[PDB]
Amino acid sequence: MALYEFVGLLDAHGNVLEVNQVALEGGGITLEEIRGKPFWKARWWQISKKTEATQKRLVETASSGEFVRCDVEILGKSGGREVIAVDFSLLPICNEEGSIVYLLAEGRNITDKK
């Protein structure tokens, strides 16, 4: 399976901790703008109030241990100018005790097709 295009590390509550350069560039965001704040508040997810609410719901789902995978549109190309379709996933990351300590957000472009 091809490596992600977009990756982000969130805490268990969905706060942004780390994001790769490709995601930062494509949404036109700096890590300092979004670090420590909820992921769904970042520009990728801001097409509308509903895309933000959708993302908030997927994060909360991951926080409680459910793996998420779905197709979503984000402001994710040319510095936040262009919408792309992304195959999106959230992986809860657990410690040995089984506690969710981080979430891993991954994204892979699917716009070229179709």
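We number the residues from 1 along the sequence you see.
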59 to 67 or 35 to 43, whichever carries the higher mean Cα B-factor: 59 to 67
Selected stretch [higher average CA B-factor]: 4 to 12 or 104 to 112: 104 to 112
CA B-factor placement of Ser48, once the chain's modelled residues are sorted into thirds: highest
Third of the chain's Cα B-factor distribution that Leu75 belongs to, per the entry: lowest
